[PDB]
Amino acid sequence: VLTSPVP
Amino acid sequence: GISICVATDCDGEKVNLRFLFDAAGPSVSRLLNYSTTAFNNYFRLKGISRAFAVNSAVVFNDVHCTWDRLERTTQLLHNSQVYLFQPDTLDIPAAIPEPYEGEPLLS
Ligand code: NA
Ligand code: NA
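Residue numbers (the authors' numbering), protein chains in the order written: chain B, 432 to 438; chain A, 4 to 110.
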């Protein structure tokens, strides 16, 4: 569902 | 009870843990200390020798569909999803999975 964020 | 999920990168794969708190809830610093303990034990379980540490944290905002910097306890609502960045880590975006229970890792 959620994709991990990028900094 | 308030359920907060906390995810992070482990050798390229995303690992997600669920923590259950009283109706009042956690403070950010407490959530970060629990997460650090749990993921260090997880790394040890998987055979990873390096330590886990947080150098940045974000929380997913449902209303705007964005990741916000995690700075205040008022950001920790029920069913929140937190993501912890680490130092010395290549963090490539990938799907965050269903969580394991985080409490067995608290020791
Ligand atoms: Na939220
Ligand atoms: Na980083």
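The C-beta atom is built at its ideal place from N, Cα and C for all residues, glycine as well.
Per DSSP, cross-strand counterpart(s) of residue i
{"i": "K17 of chain A", "result": "A:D12"}
{"i": "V62 of chain A", "result": "A:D71 and A:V85"}
{"i": "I7 of chain A", "result": "A:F22 and A:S83"}
{"i": "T434 of chain B", "result": "A:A98"}
{"i": "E104 of chain A", "result": "A:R21"}
Ligand 1 heavy atom lying under 7 Å from the CB of residue i
{"i": "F22 of chain A", "result": "no"}
{"i": "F55 of chain A", "result": "no"}
Closer than 7 Å: residue i CB and nearest ligand 2 heavy atom
{"i": "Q89 of chain A", "result": "yes"}
{"i": "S59 of chain A", "result": "yes"}
{"i": "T40 of chain A", "result": "no"}
For residue i, the first and last residue of its enclosing alpha helix (DSSP H)
{"i": "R47 of chain A", "result": "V31 to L48"}
Nearest-angstrom beta carbon gap, residue j and residue i [assumed within contact, 8 Å]
{"i": "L23 of chain A", "j": "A41 of chain A", "result": "Their Cβ separation, rounded to whole angstroms, is 13 Å, which puts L23 of chain A and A41 of chain A out of contact at 8 Å."}
{"i": "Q89 of chain A", "j": "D12 of chain A", "result": "7 Å"}
{"i": "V85 of chain A", "j": "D71 of chain A", "result": "Not confirmed; about 10 Å, so no contact."}
Extent of the continuous beta strand (DSSP E) run through residue i
{"i": "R53 of chain A", "result": "Element bounds for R53 of chain A: n/a, residue is neither H nor E."}
Exposure label - residue i; buried when at least 16 CB within 10 Å
{"i": "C8 of chain A", "result": "buried"}
{"i": "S52 of chain A", "result": "exposed"}
{"i": "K49 of chain A", "result": "exposed"}
Residue list, Cβ distance to ligand 3 heavy atoms smaller than 7 Å: Judged by which ligands are present, ligand 3 is missing from the structure shown, whose ligands are ligand 1 and ligand 2.
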